[PDB]
Amino acid sequence: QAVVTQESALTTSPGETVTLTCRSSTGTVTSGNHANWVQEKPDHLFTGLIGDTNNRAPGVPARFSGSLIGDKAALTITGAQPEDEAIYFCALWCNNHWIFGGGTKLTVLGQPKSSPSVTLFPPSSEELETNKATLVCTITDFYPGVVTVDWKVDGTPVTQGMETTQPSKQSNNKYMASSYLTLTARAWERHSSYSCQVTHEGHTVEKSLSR
Amino acid sequence: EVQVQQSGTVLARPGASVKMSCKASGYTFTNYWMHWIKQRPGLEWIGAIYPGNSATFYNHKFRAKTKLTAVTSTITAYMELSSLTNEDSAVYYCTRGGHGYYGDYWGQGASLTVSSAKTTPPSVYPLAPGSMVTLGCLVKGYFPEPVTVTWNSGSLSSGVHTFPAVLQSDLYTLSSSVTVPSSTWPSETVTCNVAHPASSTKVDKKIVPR
Ligand SMILES: C[C@H]1O[C@H](O[C@H]2[C@H](O)[C@@H](CO)O[C@H](O)[C@H]2O[C@H]2O[C@H](CO)[C@H](O)[C@H](O)[C@H]2O)[C@H](O)C[C@H]1O
């Protein structure tokens, strides 16, 4: 079987050096695992980076290099640029299968950190009229692009009935995401207070409303 | 230069099968492996074909599901997926591979959606609150993708955020917001315009105070 493990998010500044690692549950990574590294940019734009443990693919900048550092494969970016902000996936050739890591989100700080603008909107009367109630929490202008969204109904944690989009990149390079709580107008009328709680870089922004 | 060209978006029903294609350009097809990659919101390797001697490698998990072929004559590789389920909805990529790697150059990905839902128009709702004010529109319950959203027929371009669709009960939902100066609304009207080409829907929603 084998599970491939990667850091889930790393943050560096432009000009700094960062190292991403790739480990396997079947023990040490070796040469015969041919570690591959690739890059995902916004809109399913994939670029091969490193082949066979350390070969740069065609036209990859020399600041990207791959190596084994102990029992692990690593990707080292020497002198990281803002355009290296992306998801980096490693894969290993094991028992005649390419097996993928979960991908690392790398932030390369191209601008100041930015806290989210959170807006929570009530269901419209026109929707209630259809026997339904959707609450909308829009979250915009945050950077780094990593956010956790929680929903509270009268203080109780909501565990079912919500949907949150993966963070998406804005044209000014900050990030946005939306979250939805859908209830029937009858569950809507059974509770007074609703909250959308967004945590960004250890701090929580909470937006609440009452029926 | 090297280009891996993929076929387009596919829509399919449960139980059905589909063939996707990938054409090679800027290199000799017969010396490289064409691999296929599944992305579902994680990545998974399906398998790979060597067109010079038609050898293939499969992931065991996909052996019952996929069939890989290649025509060295038309420089196209193919993947057949059969007995489609919703779990096969994903974006699929073909990639060029050689010794020790599977993908230096990647195709752009072909999107596949497996659904038994029919073509449904969106229901559009205005999102009023009641310094700057944020207004929104909710585009609920449509199939298939896409819908386009403009604000004031395209006049309001600045400060607009249209979010990616999420699937709720097998239909899509999307929302769009606009932030405008608070002295500007309700005085200068704000309308969202939603079009859903598959059902030839074009609907306008004026945002009104609550
Ligand atoms: C699909 C597969 O292609 C590449 O591996 C192949 C080798 O390049 C060629 C010739 O060197 O031989 C095999 O067809 C493939 O070898 C892979 O599988 C063998 C099976 O005995 C061993 O596991 C090899 O270590 C491995 O390279 C590419 O390197 C890996 C993969 O994408």
Side-chain angles (χ1 to χ4, degrees), chain A residues 31-38 40 43-53 55-60 89 91 93 95-103 117 119-127 130 132 134 136 138-141 161 163-168 170 176-180 182, chain B residues 1-2 35 37 39 41-45 47-48 57-61 91 93 95-109 111 123-130 132-138 140-141 159 161-169 173-177 179 205 210:
Chain A
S31 319
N33 288 125
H34 300 302
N36 281 205
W37 294 89
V38 299
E40 199 193 348
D43 261 56
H44 308 326
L45 216 120
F46 280 91
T47 298
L49 248 32
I50 300 310
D52 195 22
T53 310
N55 308 335
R56 281 198 275 112
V60 155
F89 290 85
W93 180 244
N95 178 53
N96 277 224
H97 298 54
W98 283 106
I99 292 154
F100 280 91
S117 295
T119 301
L120 174 63
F121 298 104
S124 72
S125 45
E126 301 107 316
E127 191 193 12
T130 81
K132 290 296 241 63
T134 307
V136 186
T138 66
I139 315 152
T140 65
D141 292 298
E163 286 299 325
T164 308
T165 72
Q166 226 60 275
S168 194
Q170 300 174 180
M176 69 197 184
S178 41
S179 202
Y180 302 90
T182 310
Chain B
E1 67 300 320
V2 179
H35 294 242
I37 304 298
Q39 190 173 217
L43 303 180
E44 287 179 277
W45 179 69
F57 278 83
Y58 291 87
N59 181 324
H60 301 321
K61 182 233 182 84
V91 178
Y93 311 85
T95 64
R96 182 242 240 163
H99 185 68
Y101 60 103
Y102 74 91
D104 42 12
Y105 294 98
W106 297 48
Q108 61 290 171
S111 180
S123 306
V124 184
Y125 303 105
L127 308 182
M132 287 181 103
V133 64
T134 301
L135 297 343
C137 272
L138 172 60
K140 198 196 178 193
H161 298 281
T162 307
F163 299 99
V166 289
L167 196 70
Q168 303 189 125
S169 300
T173 293
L174 177 150
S175 58
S176 185
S177 70
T179 293
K205 229 62 168 53
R210 293 175 136 299

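A note on names: the letters A, B, ... follow the listed sequences, proteins ahead of strands, and every chain is numbered from 1.
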Which atoms of [X] approach chain A - backbone, side chain, both or neither, heavy atom under 4.5 Å:
| X | value |
| --- | --- |
| B:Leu138 | side chain |
| B:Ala165 | neither |
| B:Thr162 | backbone |

Contacts of A:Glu163 that satisfy side chain to side chain donor-acceptor pair (under 3.5 Å) - sequence neighbours left out =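 Applying side chain to side chain donor-acceptor pair (under 3.5 Å) to A:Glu163 gives none.
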Interchain contact, [X] with chain B, by part (heavy-atom threshold 4.5 Å):
| X | value |
| --- | --- |
| A:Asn96 | both |
| A:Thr119 | side chain |
| A:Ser178 | both |
| A:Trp98 | both |
| A:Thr53 | neither |
| A:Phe46 | both |
| A:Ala91 | side chain |

inquiry  = I'd like to know which of B:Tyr101, B:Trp106, B:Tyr58 tops the heavy-atom pair count under 4.5 Å against chain A.
reply    =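 Going by pairs under 4.5 Å, I would pick B:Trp106.
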Leading residue by heavy atom contact count with chain A [cutoff under 4.5 Å; candidates B:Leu127, B:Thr95, B:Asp104] =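 It is B:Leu127.
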task = Nearest 0.5 Å please: distance from the CG atom of A:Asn33 over to the CD1 atom of A:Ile99.
result =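 With rounding to 0.5 Å, CG (A:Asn33) is 8.5 Å from CD1 (A:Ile99).
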ask   = Hey, what do you get for NE2 (B:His99) to CG (A:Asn55), rounding to the nearest 0.5 Å?
value =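 Between B:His99 NE2 and A:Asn55 CG, I get 9.0 Å after rounding to 0.5 Å.
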Short side-chain to backbone donor-acceptor contact, [X] and [Y], under 3.5 Å:
| X | Y | value |
| --- | --- | --- |
| A:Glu127 | B:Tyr125 | no |
| A:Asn36 | B:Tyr102 | yes |
| B:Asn59 | B:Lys61 | yes |

query = For B:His161 and A:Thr138, what are the C-alpha separation, side-chain angles and deciding distance, and is it a side-chain contact (heavy atoms from CB on, under 4.5 Å)?
reply = CA-CA 9 Å; B:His161 298 281; A:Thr138 66; over 6 Å; no
key: Residue pair B:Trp45, A:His97: steps toward the side chain to side chain donor-acceptor pair (under 3.5 Å) verdict   = CA-CA 8 Å; B:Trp45 179 69; A:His97 298 54; over 6 Å; no
